[PDB]
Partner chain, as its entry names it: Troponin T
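One chain follows as structure tokens, the form solved without the partner chain.
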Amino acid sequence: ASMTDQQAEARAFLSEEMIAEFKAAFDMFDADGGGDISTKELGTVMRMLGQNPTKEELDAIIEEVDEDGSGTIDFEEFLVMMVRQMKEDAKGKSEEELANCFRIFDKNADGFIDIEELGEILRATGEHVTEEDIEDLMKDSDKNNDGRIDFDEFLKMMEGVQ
């Protein structure tokens, strides 16, 4: 994927109203209406739009878009960077949430979800889960056959593809 390719993919990723919303904030820092903003303001517009790049990340993006020394970033490149940051931030939040789900599932905090903990959480959902269904989920997620689900196995169980 080239940058035009990446740009089309970034646009495909977003709804048109979100793209417009992002351009409204972006344009507040254009002024000159060139379709670009100073790379100095990139962090500020990304943060106004709920993203949280690190300073190192910003320096990396800036260096990636500013190889000609213009000191600016255009809106299309901006959208590629925003989508990269969204995917990154979303992933981090998911990881965080799964870690929290695991310590809640593991009621006795021994670092594992056993079939009784698995059984109690699944029944607590109100679903008509049978013991056989719970046993089937345990068997299929317990990769090393020790009868319990540790955090690595839980991440695989939950993320599924994983």
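Positions refer to the first chain, counted from 1. Throughout, rigid core stands for the largest set of C-alpha atoms superposing within 1.5 Å between the two forms.
Same protein, other form: the form deposited with the partner chain bound, not shown, and the subject of what follows.
Quick check on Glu9: any heavy atom within 4.5 Å of the partner chain in the bound PDB entry?
Judged by the heavy-atom cut-off of 4.5 Å, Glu9 is well away from the partner chain in the bound PDB entry.
Should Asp30 be counted as a contact of the partner chain in the bound PDB entry, where contact means heavy atoms within 4.5 Å?
No, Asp30 is distant from the partner.
Is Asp106 a contact residue for the partner chain in the bound PDB entry, using a 4.5 Å heavy atom cut-off?
Taking the distances in the bound PDB entry, the answer for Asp106 is yes, it comes within 4.5 Å of the partner chain.
May I ask you to state whether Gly34 is within 4.5 Å of the partner chain in the bound PDB entry, using heavy atom distances?
Answer no; every heavy atom of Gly34 is more than 4.5 Å from the partner chain in the bound PDB entry.
If you check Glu116, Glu41, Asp66, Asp110 against the partner chain in the bound PDB entry, which one has a heavy atom within 4.5 Å?
If I apply the 4.5 Å criterion carefully, the residue I get is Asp110.
Which of the residues spanning 124-162 lie within 4.5 Å of the partner chain in the bound PDB entry, based on heavy atoms?
Heavy-atom contacts within 4.5 Å come from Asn144, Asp146, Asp150, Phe151, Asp152, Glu153, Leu155.
Would you say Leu49 moves between this form and the one not shown, meaning its CA shifts by 2 Å or more once the core is fitted?
Yes: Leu49 shifts by at least 2 Å between this form and the one not shown.
Can we say the CA of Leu137 moves by at least 2 Å between this form and the one not shown when the core is superposed?
Result for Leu137: no, shift under 2 Å.
Cα of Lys40 displaced 2 Å or more between this form and the one not shown, core superposed?
Moves: yes, 2 Å or greater.
Just say closer or farther for the C-alpha distance from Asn52 to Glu16 in the bound PDB entry, relative to the shown form; it changes by 3 Å or more.
Farther: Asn52 and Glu16 separate by 3 Å or more in the bound PDB entry.
Indicate closer or farther: the Cα atoms of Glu77 and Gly69, in the bound PDB entry, relative to the displayed form, with a change of 3 Å or more.
Relative to the displayed form, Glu77 and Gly69 draw closer in the bound PDB entry - a change of at least 3 Å between their C-alphas.
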